[PDB]
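J.:
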Amino acid sequence: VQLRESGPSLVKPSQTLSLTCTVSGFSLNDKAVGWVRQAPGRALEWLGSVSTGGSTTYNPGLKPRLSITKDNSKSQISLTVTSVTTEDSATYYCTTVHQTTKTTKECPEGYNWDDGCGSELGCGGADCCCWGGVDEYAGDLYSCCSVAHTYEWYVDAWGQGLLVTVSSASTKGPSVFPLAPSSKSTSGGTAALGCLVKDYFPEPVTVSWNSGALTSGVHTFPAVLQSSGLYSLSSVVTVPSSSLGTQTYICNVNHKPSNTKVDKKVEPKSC
Amino acid sequence: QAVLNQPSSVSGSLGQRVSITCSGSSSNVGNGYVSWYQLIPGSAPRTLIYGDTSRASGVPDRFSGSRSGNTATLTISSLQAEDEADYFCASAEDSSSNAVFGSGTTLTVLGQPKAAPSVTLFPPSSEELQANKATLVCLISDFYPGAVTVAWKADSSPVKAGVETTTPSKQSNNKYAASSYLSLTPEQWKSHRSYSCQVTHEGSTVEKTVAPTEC
């Protein structure tokens, strides 16, 4: 099953965060779809889920600000967190939850299984009958079988997640600059080259090379947060020094928060 | 903020066993049916164990889960570098709908081979100088353990400001990489004679230099 999150990467402080999840390859009217998030440096935090029909369920500590609706028509579930703060900046994952409450039949303490219960006890079955000794006053002690409840919960599939940042700062696309290889910056048969993705906001940014056709020796680094409030990162790929002139190398930068994609060809320096 | 109790950090050598505990109470782990999830940096969480002991599809047998009362345990045998991640347990709290997670356990796999950093210092590009900016990029890769210090020098003297350095992060080959930036004005870049990025790691210090006269 595919779980795709959609919504704003950026929400201003003390406003409402609206996220949508589009499920592809399942009906929305049985399988439970839930939301899990993780703030930076914090543990996974359960938010809520919607079950068959619309049995919504939230976290006791966040139900006042949380709201989850459901539209089987468009096969979409939505989440809403009101009056958000920096503590609500996190990756929000759409998930398919498997809720289930297994039931098991038992007798009270001291009672055992027996077939002595009368029909007036309304136990709903001959096997659902318990007996616990012979009381001196009441006589044969009859009682219906008690039903327990075993709670079952786990996450079957995880969406890729959508990173949300709570800030008053406005979105800014990236400026992509070449990190070109040089006659002195080589390492023998291999040469390092890359792209500098500078001054963007909010996170995240992803980078591929040659539209994914080139993956060996690629590493995109985590971003740095500058004093300006803008992020920057680099992506480097190791290539054969002898191919610099003939093979073309293009970094594919994706910054969904600003609906921007940049392809930058990295030319080899004459130096 | 109720969270199940997990050890902050655990360790184990390649090929050996490791155990990660998940202590809670009778309303959670006691009722049974605990689950485990793996979260590798840069990837969505992956479900490993559910129902205390059942493995999810595609999970290797070396991952196994158990439970003894109000404490569950994830055991990982034949450890390998790729197992380094954060591991969270979870369970329902007196309600098949509501769920609580654990504090999370970071696994450190010991005994991995060491490797020295490969440093490449890029001067500001022409494209950036045209925007009246000048950033020096120092990229560091293929080292282990993931611990380095970076120092910037201008004309054999230390840089007093303008530096930003990322924390080492794992590559696809399990070695660590890191990056450092020196933000300058086009004038400073042309004023000085050379700039250096110094990378210290396990007794060696690798220094890479650039100068605008080479450009």
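Chains as they are written, first to last, in the entry's author numbering: chain H, 2 to 82, 82A to 82C, 83 to 269; chain L, 1 to 9, 11 to 27, 27A to 27B, 28 to 95, 95A to 95B, 96 to 106, 106A, 107 to 211.
The C-beta atom is built at its ideal place from N, Cα and C for all residues, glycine as well.
How about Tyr177 of chain L: is its C-beta nearer than 9 Å to some C-beta of chain H?
T.: On the second sequence, position 181 is the one that residue 177 of chain L refers to. True, the Cβ-Cβ gap to chain H drops below 9 Å.
J.: If we ignore side chains and look at the alpha-carbon of each, how far apart do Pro182 of chain L and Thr169 of chain H end up?
T.: Within the second sequence, the letter at position 186 stands for residue 182 of chain L. Within the first sequence, the letter at position 171 stands for residue 169 of chain H. If I take the Cα positions, the gap works out to 26 Å.
J.: Taking only beta-carbon positions, decide if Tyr49 of chain L is within less than 9 Å of chain H.
T.: Counted from its first residue, the second sequence places residue 49 of chain L at position 50. So yes, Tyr49 of chain L belongs to the interface.
J.: Am I right that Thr93 of chain H and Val37 of chain H are in contact with their C-beta atoms under 8 Å? What's the rounded C-beta distance?
T.: Along the first sequence, read from residue 1 onward, the residue named residue 93 of chain H stands at position 95. Along the first sequence, read from residue 1 onward, the residue named residue 37 of chain H stands at position 36. About 6 Å separates the two Cβ atoms, so the contact holds.
J.: For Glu203 of chain L, report the span of its beta strand (DSSP E) as first-last.
T.: Residue 203 of chain L sits at position 207 when you count from the first residue of the second sequence. That run of the beta strand (DSSP E) goes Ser200 to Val206.
J.: Does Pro182 of chain L have its Cβ less than 9 Å from a Cβ in chain H?
T.: By 1-based counting over the second sequence, the position of residue 182 of chain L is 186. It does not; no Cβ of chain H falls within 9 Å.
J.: Where do the N-terminal and C-terminal ends of the beta strand (DSSP E) with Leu104 of chain L fall, by residue?
T.: Against the second sequence, residue 104 of chain L aligns to sequence position 107. Note, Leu104 of chain L: beta strand (DSSP E), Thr102 to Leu106A.
J.: Buried or exposed for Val222 of chain H, going by 16 or more other Cβ atoms inside 10 Å?
T.: As a working note, residue 222 of chain H is residue 224 in the first sequence. By the 10 Å Cβ count, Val222 of chain H comes out buried.
J.: May I have the straight-line CA-CA distance separating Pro59 of chain L from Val195 of chain H, to the nearest angstrom?
T.: Taking the second sequence and counting its residues from 1, the one referred to as residue 59 of chain L is at position 60. Taking the first sequence and counting its residues from 1, the one referred to as residue 195 of chain H is at position 197. Going from the Cα of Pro59 of chain L to the Cα of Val195 of chain H covers about 38 Å.
J.: Restricting to Cα atoms, I'd like to know which of L:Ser14, L:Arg66 and L:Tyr49 is closest to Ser24 of chain L.
T.: By one-based count along the second sequence, residue 24 of chain L stands at place 23. Measuring from the Cα of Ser24 of chain L, the nearest candidate turns out to be L:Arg66.
J.: Buried or exposed for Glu46 of chain H, going by 16 or more other Cβ atoms inside 10 Å?
T.: The residue given as residue 46 of chain H occupies position 45 in the first sequence. Buried, since its Cβ has 16 or more Cβ neighbours within 10 Å.
J.: So, with DSSP's three-state summary, where would you put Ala80 of chain L?
T.: Taking the second sequence and counting its residues from 1, the one referred to as residue 80 of chain L is at position 81. Three-state DSSP puts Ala80 of chain L in a helix.
J.: Taking the C-alpha atoms as reference points, what is the distance between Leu15 of chain L and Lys110 of chain L?
T.: Translated into positions along the second sequence, residue 15 of chain L becomes position 14. Translated into positions along the second sequence, residue 110 of chain L becomes position 114. Cα-Cα distance, rounded: 14 Å.
J.: Name the two residues that bound the continuous alpha helix (DSSP H) containing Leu125 of chain L.
T.: Residue mapping note: residue 125 of chain L aligns to position 129 of the second sequence, counting from 1. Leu125 of chain L -> alpha helix (DSSP H) spans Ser122 to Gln126.
J.: Hey, how far is the Cα of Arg189 of chain L from the Cα of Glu210 of chain L?
T.: Counted from its first residue, the second sequence places residue 189 of chain L at position 193. Counted from its first residue, the second sequence places residue 210 of chain L at position 214. Each residue's Cα considered, the two are about 11 Å apart.
J.: Could you tell me which of H:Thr70, H:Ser144 and H:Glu118 sits nearest to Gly108 of chain H, measuring between CA atoms?
T.: Against the first sequence, residue 108 of chain H aligns to sequence position 110. Ranking H:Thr70, H:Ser144 and H:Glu118 by Cα distance to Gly108 of chain H puts H:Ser144 first.
J.: Look at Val264 of chain H and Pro172 of chain H and say whether their C-beta atoms are less than 9 Å apart.
T.: As a position in the first sequence, residue 264 of chain H is number 266, starting the count at 1. As a position in the first sequence, residue 172 of chain H is number 174, starting the count at 1. Not in contact: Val264 of chain H and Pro172 of chain H (Cβ atoms no closer than 9 Å).
J.: Quick one: is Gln167 of chain L near chain H, going by C-beta distance under 9 Å?
T.: As a working note, residue 167 of chain L is residue 171 in the second sequence. Closer than 9 Å to some Cβ of chain H, the Cβ of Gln167 of chain L qualifies, so yes.
J.: I need the DSSP call for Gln194 of chain L, collapsed to helix, strand or coil.
T.: In the second sequence, the residue the question calls residue 194 of chain L occupies position 198. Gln194 of chain L falls in the strand class under three-state DSSP.
J.: Leaving out five residues before and five after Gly243 of chain H in sequence, what residues of the same chain have Cβ atoms less than 7 Å from its Cβ?
T.: Numbered from 1 along the first sequence, position 245 holds the residue referred to as residue 243 of chain H. Taken in chain order, the residues that qualify are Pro266.
J.: Work out the CA separation of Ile39 of chain L and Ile75 of chain L for me, nearest whole Å.
T.: The residue given as residue 75 of chain L occupies position 76 in the second sequence. The residue given as residue 39 of chain L occupies position 40 in the second sequence. Cα-Cα distance, rounded: 15 Å.
J.: Can you give me the Cβ contacts of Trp207 of chain H inside the same chain, cut-off strictly under 8 Å, excluding the 5 residues immediately before and after it?
T.: Numbered from its first residue, the first sequence carries residue 207 of chain H at position 209. Here the set comprises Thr213, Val216, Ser233, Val235, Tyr247, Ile248, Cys249 and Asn250.
J.: With a cut-off of 9 Å, does the C-beta of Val133 of chain L fall near any C-beta of chain H?
T.: Along the second sequence, read from residue 1 onward, the residue named residue 133 of chain L stands at position 137. Yes, contact with chain H.
J.: Can you find a CB in chain H that lies within less than 9 Å of the CB of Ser77 of chain L?
T.: On the second sequence, residue 77 of chain L is found 78 positions in, with the first residue counted as 1. No, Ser77 of chain L does not count as interfacial toward chain H.
J.: Can you find a CB in chain L that lies within less than 9 Å of the CB of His253 of chain H?
T.: Here residue 253 of chain H refers to the residue found at position 255 of the first sequence. No, because no Cβ of chain L sits closer than 9 Å to the Cβ of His253 of chain H.
J.: Assign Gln37 of chain L to one of two classes, buried (16 or more other C-beta atoms within 10 Å of its C-beta) or exposed (fewer than that).
T.: Counted from its first residue, the second sequence places residue 37 of chain L at position 38. Burial call: buried.
J.: Pull up the distance between the alpha-carbon of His197 of chain L and that of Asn169 of chain L, whole angstroms please.
T.: By one-based count along the second sequence, residue 197 of chain L stands at place 201. By one-based count along the second sequence, residue 169 of chain L stands at place 173. Distance between the alpha carbons of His197 of chain L and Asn169 of chain L: 19 Å.
J.: Can you tell me which residues form a DSSP beta bridge with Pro65 of chain H?
T.: As a working mapping, residue 65 of chain H is identified with position 64 in the first sequence. DSSP lists no partner for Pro65 of chain H.
J.: Step through the CB atoms of chain L and report whether any lies within less than 9 Å of the CB of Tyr149 of chain H.
T.: In the first sequence, residue 149 of chain H corresponds to position 151, counting from 1. It does: the Cβ of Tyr149 of chain H has a partner Cβ on chain L nearer than 9 Å.
J.: Could you name the residues of chain H that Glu124 of chain L contacts, counting a contact when the two beta carbons are closer than 7 Å?
T.: Your numbering for residue 124 of chain L matches position 128 in the second sequence. By Cβ distance, chain H contributes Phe175.
J.: Please confirm if the segment 95 to 108 of chain H is in contact with the segment 148 to 156 of chain H, defined as three or more CB-CB distances below 8 Å between the two stretches.
T.: With a cut-off of 8 Å, the segment 148 to 156 of chain H and the segment 95 to 108 of chain H count as touching, because enough Cβ pairs lie within range.
J.: Looking at chain H, is there any beta carbon in it that lies within less than 9 Å of the beta carbon of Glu203 of chain L?
T.: Along the second sequence, read from residue 1 onward, the residue named residue 203 of chain L stands at position 207. So, not an interface residue.
J.: Please state if the CB of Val51 of chain H and the CB of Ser25 of chain H are separated by a distance shorter than 9 Å.
T.: Counted from its first residue, the first sequence places residue 25 of chain H at position 24. Counted from its first residue, the first sequence places residue 51 of chain H at position 50. Cβ distance not < 9 Å, so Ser25 of chain H and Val51 of chain H don't count as in contact.
J.: Below 7 Å CB to CB, which residues in the same chain sit around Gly187 of chain H once its five sequence neighbours on both sides are set aside?
T.: As a first step, residue 187 of chain H is located in the first sequence; it is residue number 189 there, counting from the start. Excluding residues within five positions, the ones whose Cβ falls inside 7 Å are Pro238 and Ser239.
J.: On the three-state DSSP scale, how would you describe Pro182 of chain L?
T.: The residue you call residue 182 of chain L lines up with position 186 of the second sequence. Reduced to three states, the DSSP call for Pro182 of chain L is helix.
J.: Beta carbons nearer than 8 Å to chain L: which residues of the segment 184 to 196 of chain H have them?
T.: Those residues of the segment 184 to 196 of chain H that come within reach of chain L (Cβ to Cβ, closer than 8 Å) are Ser185, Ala190, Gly192, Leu194 and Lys196.
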